[PDB]
Amino acid sequence: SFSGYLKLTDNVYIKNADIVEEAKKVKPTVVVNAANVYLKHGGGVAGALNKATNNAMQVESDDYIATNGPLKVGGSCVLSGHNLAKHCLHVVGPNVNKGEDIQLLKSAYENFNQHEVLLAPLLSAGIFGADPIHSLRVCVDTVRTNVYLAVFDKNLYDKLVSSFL
Ligand SMILES: CNc1ncccn1
């Protein structure tokens, strides 16, 4: 199971790790993807997770969108975890770089509550443009299930831990 995590709260844990390497090591029940509404896994966490699946995540995602249409910002869907996890919970946080409402970040984190344990990145962080310190605060104030956060950037990981209230 999960090793080397710093415990932030009763249910939130954090580690400086590449979520792809972490998923391959742990093979958790659920890995969270930082998805967009179209499930186009081009860059950031999504591009990295999809590349680790040899594009199988994108092929599955395109079939999901062809059948169901796009997700909502703040929404999610459960798909296969491929070689990374049992399932992948694709969660759409607001993309501040697209002018999306940062208030939807709490709705995005609420999706985590449907899973007893998850390996996840900080929603709306990275190329999504939100402040990762704010994302961590919404995470700890919204998620009640056990969430193991992987923060790729060491400098950001240190800043998140050192500034955690
Ligand atoms: C590419 N891996 C990654 N990216 C962001 C957060 C955690 N892991």
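Residues numbered from 1 in each chain as written, not as in the entry; some residues may be left out. Heavy atoms only, no water.

Listed as the method for this PDB entry is X-ray crystallography; the listed resolution is 1.0910 Å.

K.L.:
Explain the packing of aromatic side chains to me, using residue names and the numbers behind them.
P.N.:
Tallying each qualifying case throughout the model produces five aromatic pairs. Between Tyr-13 and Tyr-148 the ring centres are 4.7 Å apart and the planes differ by 10°, which places this aromatic pair in the stacked class. Linking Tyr-13 in strand β2 (residues 12-16) with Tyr-148 in strand β7 (residues 146-151), this pair joins segments that are 135 residues apart in sequence. You'll find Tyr-13 and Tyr-148 in the same group, each marked buried. Aromatic side chains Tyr-109 and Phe-112 sit 5.1 Å apart centroid to centroid with 70° between the ring planes, which places their arrangement in the edge-to-face category. (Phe/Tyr/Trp six-rings, centres within 6.5 Å; stacked < 30°, edge-to-face > 60°. Helix = DSSP H or I, 4+ residues; strand = E, 2+ residues; numbered from the N terminus. Buried < 20%, exposed > 50% of the residue type's maximum accessible area, 1.4 Å probe, protein only.)

K.L.:
For helix α2 (residues 44-52), give the residues involved together with the corresponding values.
P.N.:
Listing the buried residues of α2 in full gives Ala-46, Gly-47, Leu-49, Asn-50 and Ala-52. Lining the buried residues of α2 we find α1 (19-26), β3 (30-35) and α3 (56-68). Looking one or two places after α2, you find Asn-54, whose phi comes out positive at around 60°. (Contact = heavy atoms within 4.5 Å.)

K.L.:
So what's going on with the side chain of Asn-111? Which residues, and what values?
P.N.:
With respect to the secondary-structure elements, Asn-111 resides in the loop between α4 (104-110) and β6 (117-120). Among the polar contacts made by the side chain of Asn-111, one reaches the side chain of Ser-76 at a distance of 2.9 Å. Apart from the residues within four sequence positions on either side, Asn-111 is in contact with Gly-74, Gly-75, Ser-76, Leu-89 and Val-91. (Polar contact = N/O pair within 3.5 Å; in protein donor to acceptor, adjacent residues only side chain to side chain.)

K.L.:
Give me the lowdown on the packing of α1 against α2, citing residues and values where you can.
P.N.:
Where α1 meets α2, the closest approach of the two axes is 9 Å, and the angle between their N-to-C directions is 40°. Judged by the angle between their axes, α1 and α2 are oblique. Seen along the crossing, α1 lies across α2 with a hand that is right-handed. Contacts between α1 and α2 involve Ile-19, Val-20 and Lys-24 from the first element and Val-45, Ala-48, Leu-49 and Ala-52 from the second. Counted by class, the contact of α1 with α2 contains six nonpolar, no polar and one charged residues. (Axes fitted to C-alpha atoms, helices over the stretch in contact; angles between N-to-C directions. Parallel < 35°, antiparallel > 145°, perpendicular 65-115°, else oblique. Left-handed = near helix turned anticlockwise from the far one by under 90°. Nonpolar A, V, L, I, M, F, W, Y, C, P; charged D, E, K, R; others polar.)

K.L.:
Can you explain the side chain of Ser-61? Please cite residues and give values.
P.N.:
Looking at where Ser-61 falls in the secondary structure, it is placed in helix α3. Setting aside chain neighbours within four positions, we find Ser-61 in contact with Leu-39, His-41, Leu-79 and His-90.

K.L.:
Hey, could you go over the pattern of salt bridges for me, with residue numbers and the actual values?
P.N.:
Scanning the entire structure with this criterion turns up four salt bridges. Its salt-bridge partner being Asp-141, residue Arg-137 comes within 3.1 Å of it at the nearest N-O pair. Placement of the pair is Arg-137 and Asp-141 together in helix α5 (residues 132-142), with a separation of four residues, close to one helical turn. With a relative accessible area of 48%, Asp-141 lands in the partly exposed category. Linking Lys-154 and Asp-158 is a salt bridge whose minimum nitrogen-to-oxygen distance equals 3.0 Å. Residue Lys-154 and its partner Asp-158 are located together in helix α6 (residues 154-163), separated by four residues, close to a single helical turn. On the basis of relative accessible area, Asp-158 is assigned to the partly exposed category, the value being 33%. (Salt bridge = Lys/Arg side-chain N within 4 Å of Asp/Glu carboxyl O.)

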